[PDB]
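Below you'll find only one chain, the form deposited in one PDB entry, shown as structure tokens.
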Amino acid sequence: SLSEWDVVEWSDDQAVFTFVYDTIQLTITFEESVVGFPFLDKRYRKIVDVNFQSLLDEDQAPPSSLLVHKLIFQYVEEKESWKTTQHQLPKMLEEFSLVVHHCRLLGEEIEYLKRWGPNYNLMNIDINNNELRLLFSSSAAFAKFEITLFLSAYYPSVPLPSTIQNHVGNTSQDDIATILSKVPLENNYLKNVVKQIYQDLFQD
């Protein structure tokens, strides 16, 4: 059948496997040439290296796509810093496909917010590495604040650290932490947090 990758390639000695998801590449190096059926086997095979490569032009890409690529980059980087036991191909690949899927979704949410954000009083979006900064502002509501959300490739399944810089009104860290907690850790998390913030703090 198929998987979430467009293409799988391997070396002539079959020790190095490349998996491609558009502009994203994951390279897996086995201790020795792979024999048998790596996805069906269930055979212990020693993996000595896992590498992320990116085909992305940082100069010709929306900051959102860059964020996406940076999150997967950092995800694979931190994964490899484990150096008694290692993950095995099928598992590695399942998790990775899911991570890529969800991070691409996230990029789309960012695009939605860049376009439609003023409808929720979201007047600025800034991305710095993995930090997403959202400025909410309304003279009418008498509320202005910027929350910093620290994202990860595990998005949206994990709770987000956050920080707030308050300017006008009474909005606090606690209020924001509360809102983040109420929204279900699943698809559209970010769009749903923005909506929650709008309803609670700007409709009110």
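In this text, residue numbers run from 1 along the sequence as written. For the two forms, the rigid core is made up of the largest set of C-alpha atoms that agree within 1.5 Å on superposition.
Another form, the form solved in complex with a partner chain, is not on view; read the next lines as being about it.
- Contact with its partner chain in the deposited bound form holds for none of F52, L93 and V99, as no heavy atom of theirs lies within 4.5 Å.
- Although the partner is absent from this view, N166 stays clear of its partner chain in the deposited bound form, with no non-hydrogen atom inside 4.5 angstroms.
- By the criterion of a heavy atom within 4.5 Å, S65 is counted among the residues contacting its partner chain in the deposited bound form.
- Mapping the unseen interface onto this chain, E77 falls outside it, with no heavy atom inside 4.5 Å of its partner chain in the deposited bound form.
- Proximity of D22 to its partner chain in the deposited bound form falls within the 4.5 Å heavy atom cutoff.
- Interface residue among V35, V48, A61, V158, judged by heavy atoms within 4.5 Å of its partner chain in the deposited bound form: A61.
- Checking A177, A141, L149, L56 against its partner chain in the deposited bound form, a heavy atom within 4.5 Å turns up for just one residue: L56.
- Between 85-93, 101-109, 130-138, 117-125, the stretch whose residues reach within 4.5 angstroms of its partner chain in the deposited bound form through a non-hydrogen atom is 101-109.
- When the two forms are superposed on their rigid core between the shown form and the other one, the C-alpha shift of 2 Å or more among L67, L26, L160, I147 belongs solely to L26.
- With the core held fixed, the Cα of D13 is displaced between the shown form and the other one by 2 Å or more.
- The Cα position of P90 differs by 2 Å or more between the shown form and the other one after fitting on the rigid core.
- Shown in the overlay between the shown form and the other one, fitted on the rigid core, is a CA shift at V48 of 2 Å or greater.
- Look at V68 and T18: in the deposited bound form their Cα atoms come 3 Å or more closer than in this form.
- Between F19 and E111, the C-alpha separation shrinks by 3 Å or more in the deposited bound form, relative to the conformation displayed.
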